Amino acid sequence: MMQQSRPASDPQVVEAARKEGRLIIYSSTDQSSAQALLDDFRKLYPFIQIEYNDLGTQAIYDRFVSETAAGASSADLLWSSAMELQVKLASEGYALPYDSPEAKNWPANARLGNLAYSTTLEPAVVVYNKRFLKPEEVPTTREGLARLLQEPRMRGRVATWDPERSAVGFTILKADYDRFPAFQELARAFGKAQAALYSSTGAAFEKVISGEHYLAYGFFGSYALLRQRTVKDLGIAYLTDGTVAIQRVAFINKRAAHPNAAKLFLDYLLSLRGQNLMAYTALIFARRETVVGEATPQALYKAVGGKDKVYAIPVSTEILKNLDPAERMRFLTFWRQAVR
């Protein structure tokens, strides 16, 4: 649905983007998942060449800060799941202020005024290998997963984030810790099962697919849906006690060489066309409710047993509390003691 519509970017912005002719993206969205968006954007605007830099969340931050400080060529658009890092940059002078004509109905907690925008509503899910755990054996609660991880067969068979090496692994597990008391019991059960910690979804998924691990906790439902299309052994379980949802944050570099191309791409991501392509084809869980496909808010809400079971991390300067050293210290001390 909406596959032929045109985002409402101002015609002067389209003409300015044509004069630029190029768009440099730094993104943590795996290119496997991003590629259909890039292809569809080029169908709309064939006069823009896209350079897609598929990078780690901490690496995007470090590279962009370093390049900016050097006065050097950097990204036009930054698109990352490490919400706190994106909100920090966009609240420190790095962002081009732009009021997207596609974001008029965004809630105030899904945008930083005109500086940065939510593009997705992506759940942290459980993935497992059906050869080793049947669907009916996989709990959908933190307390139930804690019980499963007492079992001898689960020792060495669990993957989760390393929040000390992945910035979004921090986002997700910090939010879980903050919102769900049962997270503490589950983290001790990660210690019991000798959970292996990964800095990327692909590294954890490769282990689940090989059966080195049976179950991975906290990775993106978007990537799981897309992997399941080619790996029929991959199962997905949604948490019914409460689901953390991240919002991938996009903003335009204030110092972009191609700011208008970046405007068009932001407006594309936020548009009904882009959000429908997420939900239907890319299998990225869309931010917009008015979407058709597998990767939709309605589908997430049905899977978890209602919208009130989803904690959507806001695109807000309030989330920078998570970067406070004492707040980071409390979480990481708890984590490191529980998972050892």
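Just count from 1 along the sequence shown to find any residue number.
Averaged over Cα atoms, the B-factor as recorded in the entry is higher for 42-50 than for the other of 289-297 and 42-50.
Judged by mean Cα B factor in the deposited record, 62-70 ranks above the other of 62-70 and 311-319. The PDB entry assigns its highest CA temperature factor, among 153, 88, 111, 263, to 153. For the set 84, 267, 233, 162, the maximum C-alpha B-factor listed in the entry falls on 233.
Sort the modelled residues of the chain by CA B factor and residue 169 lands in the lowest third. Ranked against the other modelled residues of its chain, the C-alpha B-factor of residue 97 as given in the entry falls in the middle third. When the CA B factors of the chain's modelled residues are split into thirds, the value for residue 25 lands in the lowest one. In the deposited entry, the Cα temperature factor of residue 242 sits in the middle third of values across the chain's modelled residues. The PDB entry assigns residue 37 a C-alpha temperature factor belonging to the lowest third of its chain's modelled residues.
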